[PDB]
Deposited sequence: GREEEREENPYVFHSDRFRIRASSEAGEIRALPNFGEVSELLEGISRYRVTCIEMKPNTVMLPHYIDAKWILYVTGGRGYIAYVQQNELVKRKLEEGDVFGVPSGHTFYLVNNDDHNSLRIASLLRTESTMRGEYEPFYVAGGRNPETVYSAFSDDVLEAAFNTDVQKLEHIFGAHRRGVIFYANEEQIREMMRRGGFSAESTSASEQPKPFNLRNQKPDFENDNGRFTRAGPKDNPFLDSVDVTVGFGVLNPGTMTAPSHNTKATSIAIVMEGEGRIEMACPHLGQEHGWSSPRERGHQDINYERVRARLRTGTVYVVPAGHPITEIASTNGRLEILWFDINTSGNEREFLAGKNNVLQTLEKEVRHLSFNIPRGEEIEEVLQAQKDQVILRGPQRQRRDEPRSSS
C-alpha cells in the first residue's frame, strides 16, 4: 500500500536513552503516486522527563503538534531568543534554518511531538540537522572546519576548543518577544460536533505561519463504533496520523479502458500514517474497543472544501431531481429520495457494528 504507513516504517534519526527522533521516508521515494507531496516529511519526537534537546537547525520549515506532555521550545531570531511554553494540543511553527532547542522540565510525563516538515534544501524532500551544540555524539558543524580556521574564528587555541567540542556523548536528547505564540488546537472543539464525534481545525486565517506554508491542521475524535461519512477534499491532500485508539479505513483510488475504482483498505493503530490524495473519497471507521483520535495536515488548503457522498448533507441531494432520476435511471419513482433521507446524521455517522 502506497498510501498507508504503519509505525514500523518510521526510520530512527536519533536514538538515546532519554528520547527518540523518528521520521517517515521521503514520500517521493515510496511511490510515484505521492510525488506531489515529496517536499513534505513526517517526524515524531519523544522526550523523557527532565530532558533537553541539543541546539540545532534544519533546512526545512517546521510545523509541530504536541501530542503529549508539556515543556518549552526556544529558537534564535536576530540575536534574540524566542522562548515559548508548549502544552498538549499546541501547534507552533519554527522558521527554517533557525537554531532551536526543546526542553522537557516535567517530572513524570514525556514530551511527545508530531511534526510536518517542508524542505527548503536544494534536494526536494531531503532535510538534514545541523548541530551547533554537541560533542562526539553527535558531531557539530564545527567539526568540519580546520584547526586554523576555528582557532582564528574563536580567537582561542584549539586545545580549549577540543575540550569544548568533545565533552558531549549523551546524544541529541539527554537528561539534565513579539514573535508568534503557540496556538492550542486540541483545546477549542468548535468546528463540528454531533453524537458520534467532533473535529477542530486551524488554518492560514488563524495563524501567520500556517498561512506561509498553506497548511490547515486538524484534530478529530471518533466515538467507539462510529465512522466518518464517505467524503473527499476538493484540492487539498491530507496527511493523517493516528493519535489514540484503533480502526480501519476504506479509500477509493482510480489509479490502483473502463473507469475502475480500486479499494484501498488498511488497519488503523497508534502511530499509523495515511495519505489521502485530493479527490480520493475515504471513510474512517473506529473500533468498538475505544475512541479514535486523529491529527491531520491539509496540504494546499486554500480554497479547499469537503464534499460528502453520504449523510444528511450529501452532494446527491444538491443535484437537480430530474438529473438524479436520469443518472440512476429508476422505474420506481422517488425510491432514491427515500434512500437519501434514511441517514439522519452528517459528517460523522454510526458505524457498521452499531447501525
- Missing stretches, numbered from 1 on the deposited chain sequence and kept in order: 1-8, 185-205, 286-299, 399-407
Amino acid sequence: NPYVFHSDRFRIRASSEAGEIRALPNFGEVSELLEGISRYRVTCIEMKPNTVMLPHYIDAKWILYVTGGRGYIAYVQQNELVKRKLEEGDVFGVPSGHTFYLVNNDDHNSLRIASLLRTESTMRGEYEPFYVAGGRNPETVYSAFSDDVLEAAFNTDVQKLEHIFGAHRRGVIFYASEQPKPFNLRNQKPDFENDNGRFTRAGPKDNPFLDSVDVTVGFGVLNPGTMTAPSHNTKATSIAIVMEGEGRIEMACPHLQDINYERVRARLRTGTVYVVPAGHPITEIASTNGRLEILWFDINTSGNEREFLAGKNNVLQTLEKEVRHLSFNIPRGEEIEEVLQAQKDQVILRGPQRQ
From here on, numbers count along this sequence of modelled residues.
- Task: Would you determine, from the values in the PDB entry, which of 89-97 and 104-112 has the greater average C-alpha temperature factor?
- Result: 104-112
- Mean Cα B-factor comparison, 183-191 or 267-275, giving the higher one as deposited: 183-191
- Considering only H280, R198, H255, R248, which residue's Cα atom bears the greatest B-factor as recorded? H255
- Listed options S238, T228, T156, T234: highest C-alpha B factor recorded at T156
- Task: Ordered by C-alpha B-factor within the chain, which third holds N137? Give me lowest, middle or highest, please.
- Result: highest
- Lowest, middle or highest third: where is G68 by C-alpha B factor in its chain? highest
- Message: When the deposited Cα B-factors of this chain's modelled residues are ordered and cut into thirds, is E262 in the lowest, the middle or the highest one?
- Response: highest
- Message: Going by the CA temperature factor in the PDB record, which third of the chain does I294 belong to: lowest, middle or highest?
- Response: lowest
- Task: Check where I330 lands among this chain's C-alpha B-factors and tell me if it's the lowest, middle or highest third.
- Result: highest
